[PDB]
S.K.: 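This is the structure I want to talk about, given as structure tokens.
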Amino acid sequence: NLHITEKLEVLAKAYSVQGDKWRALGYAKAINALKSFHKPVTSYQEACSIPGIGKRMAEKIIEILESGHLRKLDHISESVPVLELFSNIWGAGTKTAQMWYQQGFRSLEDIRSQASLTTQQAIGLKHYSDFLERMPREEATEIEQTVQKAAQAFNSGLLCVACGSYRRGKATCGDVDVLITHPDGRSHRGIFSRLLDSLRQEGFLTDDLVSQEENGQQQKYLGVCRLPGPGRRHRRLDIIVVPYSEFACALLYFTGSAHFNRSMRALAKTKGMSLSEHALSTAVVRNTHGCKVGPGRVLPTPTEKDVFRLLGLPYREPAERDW
DNA sequence: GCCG
DNA sequence: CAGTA
DNA sequence: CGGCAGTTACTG
Ligand SMILES: Cc1cn([C@H]2C[C@H](O)[C@@H](COP(=O)(O)OP(=O)(O)OP(=O)(O)O)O2)c(=O)[nH]c1=O
Ligand SMILES: [Mg+2]
Ligand code: NA
Ligand code: NA
Ligand code: NA
């Protein structure tokens, strides 16, 4: 509900690509609140009443109804669409997009022929369209299975779980998030080397984006893969290997959504605790600015439910975390 | 941008 | 580190 | 005034 959002969503992306992350966050929250309410908004007071919507935002919602158009939109820089185009290249963010624009680049052809690309950005440009597409969850299953098969091939005890949007039950997935760990709490160490080389053997992996294979403590692998046969597109792969003791927090984190994690972490903070993909801690010592000064104590969290419990929150199935 |  | 994830 | 997730994990 509420298509007075699609117009704010435009301003949100504009601010975001331009690097004004906080203002963009504000819009994201407001847009989210509107899309989450039960009835069409038709009153200034009805807008301010909504948490996440202030005078400024409501003031704009008023015009969206009293005018049917937002004057602010007719003043967005012409650079925005190009910044969005550029920042949609994997490995390039607002800073790079703005730099390229300042240098006169206006299209991907300009980037391809004149820009100095990092290894990651070159891969992103090579798969520009594929990286903007989502795959049916069915294909995500095959990819997760492909990774699990290669993993359990050298250690049948390894536990592999597809997380992210997949575990949240979404019909399509941006990429495939696979969490790998081992019940014995030690057999997870230094497996990337073997797993990745195995996946490379069968020609499954096509490009590596983030993979510190010289570090025996590598925690993640971000890359590209493709299943065999016709009609197959290059798909993004995200693999993390975590120690069993961090299984719950890691599973919770990797399942998301990102907004859900942020909300949960923000809550933990208001309660003198801290939550991360590594652990839930209590008695955390923070400064006047909120930065974690003291480590506090790690709380035992053998399951996701324990995390919710310790935070005094009712448990939520992955599908109920799709924020 | 919103909010404490 | 800044940038991007 | 000043936080808005994580003292998150790589890259160069
Ligand atoms: C991007 C991002 C992800 N995460 C966590 C929660 C996400 O579910 C998980 C994996 O990230 P993503 O794969 O980016 O998210 P997603 O799988 O939910 O959505 P998509 O289908 O587009 O891939 O990592 C964060 O905590 N913060 C972030 O900023
Ligand atoms: Mg994903
Ligand atoms: Na990008
Ligand atoms: Na590498
Ligand atoms: Na991912």
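Each chain gets a letter, A, B and so on, in the order its sequence line appears, and its residues count up from 1.
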S.K.: Which whole number of Å gives the distance between the P atom of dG4(B) and that of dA5(D)?
M.R.: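 Approximately 15 Å lies between the P atom of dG4(B) and that of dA5(D).
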S.K.: Side-chain N or O of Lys29(A) versus OP1/OP2 of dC3(B): is the shortest distance under 4.0 Å?
M.R.: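 No.
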S.K.: Could you tell me whether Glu109(A) and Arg112(A) make a salt bridge, using a distance below 4.0 angstrom between a side-chain N and a carboxylate O?
M.R.: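 A salt bridge is present here (some side-chain N lies under 4.0 Å from a carboxylate O).
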S.K.: Under the convention that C1'-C2'-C3'-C4' above zero is north and below zero is south, what is the pucker of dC1(C)?
M.R.: north
S.K.: Mind calculating the distance between CG (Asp208(A)) and P (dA5(C)) to the nearest angstrom?
M.R.: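 Nearest whole value for this atom pair: 17 Å.
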S.K.: Mind checking whether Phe260(A) and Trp323(A) have parallel, tilted or perpendicular rings, split at 30° and 60°?
M.R.: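 The arrangement is perpendicular - the two ring planes meet at more than 60°.
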S.K.: Return no unless some side-chain N or O of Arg56(A) is found under 4.0 Å from OP1 or OP2 of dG1(B).
M.R.: yes
S.K.: Strictly below 4.0 Å: does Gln212(A) bring a side-chain N or O up to OP1 or OP2 of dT11(D)?
M.R.: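 It does, given that an N or O in the side chain of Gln212(A) lies less than 4.0 Å from OP1 or OP2 of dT11(D).
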S.K.: Pick from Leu34(A), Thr5(A), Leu2(A): which one makes a side chain to side chain contact (heavy atoms under 4.5 Å, CB included) with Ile61(A)?
M.R.: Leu34(A)
S.K.: Could you check whether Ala258(A) gets within reach of a base, just the sugar-phosphate, or nothing at all, counting any heavy atom under 4.0 Å?
M.R.: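 Answer is nothing: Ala258(A) stays at 4.0 Å or more from every strand.
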S.K.: Tell me: CH2 of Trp90(A) to P of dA5(C), nearest whole Å?
M.R.: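 Taking atom P of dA5(C) as the reference, CH2 of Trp90(A) is at 6 Å.
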S.K.: Could you work out which one of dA9(D), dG12(D), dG6(D) sits closest to the side chain of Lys220(A)?
M.R.: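 Of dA9(D), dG12(D), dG6(D), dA9(D) is nearest to the side chain of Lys220(A).
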S.K.: Is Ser276(A) near enough to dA5(D) that one of its side-chain N or O atoms lies under 4.0 angstrom from OP1 or OP2?
M.R.: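 The answer is no; no side-chain N or O of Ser276(A) sits under 4.0 Å from OP1 or OP2.
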S.K.: I'd like the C1' distance from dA5(C) over to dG6(D), given in whole Å.
M.R.: 13 Å
S.K.: Of the nucleotides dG6(D), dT4(C), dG1(B), which one has an atom closest to the side chain of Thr94(A)?
M.R.: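 Within the option list, the nearest is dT4(C).
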S.K.: Would one find a side-chain N or O of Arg262(A) under 4.0 angstrom from OP1 or OP2 of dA5(D)?
M.R.: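 Yes, within the criterion.
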S.K.: Between P on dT7(D) and CD on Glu277(A), what's the gap in Å once rounded to a whole number?
M.R.: 8 Å
S.K.: For a quick test of reading the model: is some side-chain N or O of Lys72(A) closer than 4.0 Å to OP1 or OP2 of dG1(B)?
M.R.: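 Checking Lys72(A) against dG1(B): at least one side-chain N or O falls below 4.0 Å of OP1 or OP2.
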S.K.: Across the strands shown, which category fits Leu275(A) at heavy-atom distances under 4.0 angstrom: base, sugar-phosphate, nothing?
M.R.: sugar-phosphate
S.K.: Any side-chain N or O of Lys21(A) below 4.0 angstrom from OP1/OP2 of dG1(B)?
M.R.: no
S.K.: Establish, with yes or no, whether the OP1 or OP2 oxygen of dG1(B) is under 4.0 angstrom from a side-chain nitrogen or oxygen of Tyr15(A).
M.R.: yes
S.K.: Whole angstrom is fine here: how far is it from CG in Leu179(A) over to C1' in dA9(D)?
M.R.: 15 Å
S.K.: Rounding to an integer number of Å, can you tell me how far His259(A) NE2 sits from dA5(D) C1'?
M.R.: 12 Å
S.K.: Does the structure show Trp22(A) stacking with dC4(D), if we require the centres to be closer than 5.5 Å and the planes to be within less than 30 degrees of parallel?
M.R.: yes
S.K.: Expressed in angstrom and rounded to an integer, what is the separation of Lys269(A) atom NZ from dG6(D) atom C1'?
M.R.: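 Roughly 9 Å, once rounded to whole Å.
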S.K.: Between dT8(D), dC2(B), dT7(D), which nucleotide gets closest to the side-chain atoms of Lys292(A)?
M.R.: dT7(D)
S.K.: Could you state the CG-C1' distance from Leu25(A) to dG2(D), rounded to the nearest angstrom?
M.R.: 14 Å
S.K.: For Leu209(A) and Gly26(A), take the nucleotide of DNA chain D holding the closest heavy atom to each; which residue's nucleotide lies nearer the 5' end?
M.R.: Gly26(A)
S.K.: What is the distance, to the nearest angstrom, from the CH2 atom on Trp100(A) to the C1' atom on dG3(C)?
M.R.: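 In whole Å, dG3(C) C1' lies 12 Å from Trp100(A) CH2.
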S.K.: Is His278(A) near enough to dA9(D) that one of its side-chain N or O atoms lies under 4.0 angstrom from OP1 or OP2?
M.R.: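 Yes, such a contact exists.
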S.K.: Looking only at the side chains, is there a donor atom on one of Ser211(A) and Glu213(A) sitting less than 3.5 Å from an acceptor on the other?
M.R.: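 Per modelled atom types, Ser211(A) and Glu213(A) side chains form a pair under 3.5 Å.
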S.K.: Base, sugar-phosphate, or nothing for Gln219(A), non-hydrogen atoms under 4.0 angstrom?
M.R.: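 The answer is sugar-phosphate, as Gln219(A) gets under 4.0 Å only of primed atoms, P, OP1 or OP2.
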S.K.: Identify whether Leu237(A) and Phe192(A) are in the same connected component of the hydrophobic contact network (ILVMFWY, side-chain heavy atoms under 4.5 Å).
M.R.: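 Result: yes, single cluster for both.
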S.K.: Please tell me whether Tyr27(A) and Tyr15(A) form a close aromatic pair, meaning their ring centres lie under 6.0 Å apart.
M.R.: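 Close enough - the centres of the two rings lie under 6.0 Å apart.
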S.K.: Indicate whether any N or O donor in one side chain lies under 3.5 Å from an N or O acceptor in the other, for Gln98(A) and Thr94(A).
M.R.: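 Per modelled atom types, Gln98(A) and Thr94(A) side chains form a pair under 3.5 Å.
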S.K.: If you look at every strand shown and take non-hydrogen atoms under 4.0 Å, does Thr118(A) touch a base, only sugar-phosphate, or nothing?
M.R.: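 No contact.
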S.K.: Quick check on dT7(D): is either OP1 or OP2 less than 4.0 Å from any side-chain nitrogen or oxygen of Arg265(A)?
M.R.: no
S.K.: Side-chain N or O of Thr119(A) versus OP1/OP2 of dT11(D): is the shortest distance under 4.0 Å?
M.R.: no
S.K.: Identify the nucleotide, in any strand shown, that forms a Watson-Crick or G-U wobble pair with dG4(B), with both distances under 3.5 Å; if there is none, say none.
M.R.: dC1(D)
